[PDB]
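Next up: a single chain in structure tokens, the form solved without its partner chain.
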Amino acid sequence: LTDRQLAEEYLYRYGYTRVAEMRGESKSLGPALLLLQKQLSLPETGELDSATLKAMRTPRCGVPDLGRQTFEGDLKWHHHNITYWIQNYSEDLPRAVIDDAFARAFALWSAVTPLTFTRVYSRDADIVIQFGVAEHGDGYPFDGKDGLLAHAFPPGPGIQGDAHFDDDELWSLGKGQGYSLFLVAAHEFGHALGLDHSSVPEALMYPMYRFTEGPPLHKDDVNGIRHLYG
């Protein structure tokens, strides 16, 4: 992919081109670029500059930034005890390490929400967790190694609330090689609770993958959850 081709594909996939179409301005790259620079808190130049190309090459969440599909209901949970089922496993980590990475991701949200997170072994879990490559049965295919790492669905029935992790990625704890399953799952679980992307670079719900050894929640994430659950 050229830089220009990557830019066009990034703008399309994350919903920038569609919003530029709604504003009569999808004939040239500039307007969609300004939308993206605003959404990602980059300098608002309207140019495919070094900061914008660096942003677009950065591994990130598969969930769109402007918009979503249409889903059922008001996109928040209406019960306190959120259940999750680990449907399958990456071979990249031991099963106990994967289970713990998901438990820890949920423990992060549990402290700042009136919700509890309980593991089940059942199809009826609120949050079904699945590892998948390319087309993995929801019509929202992954893209092979790097680029988008995962996605998740807002609260509701069936696929809603589920979290999928791209197993063309190497899953680790983010040290040496591979992406931290803990940090990606913490981000995806935010979506599964009803949160959208943050435009604050340091927030967990910022769409780009950023490795840290520090506590990953920011004021913006805690406040996001507060504006959802009473």
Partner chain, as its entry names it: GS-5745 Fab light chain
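Residue numbers count along the first chain shown, from 1.
What follows is about the form deposited with its partner chain bound, which we do not show.
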With the cut-off set at 4.5 Å between non-hydrogen atoms, does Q87 touch its partner chain in the deposited bound form? yes
- Query: Taking heavy atoms and a 4.5 Å cut-off, does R123 contact its partner chain in the deposited bound form?
  - Reply: yes
Is the gap between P114 and its partner chain in the deposited bound form 4.5 Å or less for some heavy atom pair?
no
Quick one: is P94 in contact with its partner chain in the deposited bound form, heavy atoms, 4.5 Å cut-off? no
Of 75 to 83, 142 to 150, 115 to 123, 100 to 108, the segment with heavy atoms within 4.5 Å of its partner chain in the deposited bound form is residues 115 to 123
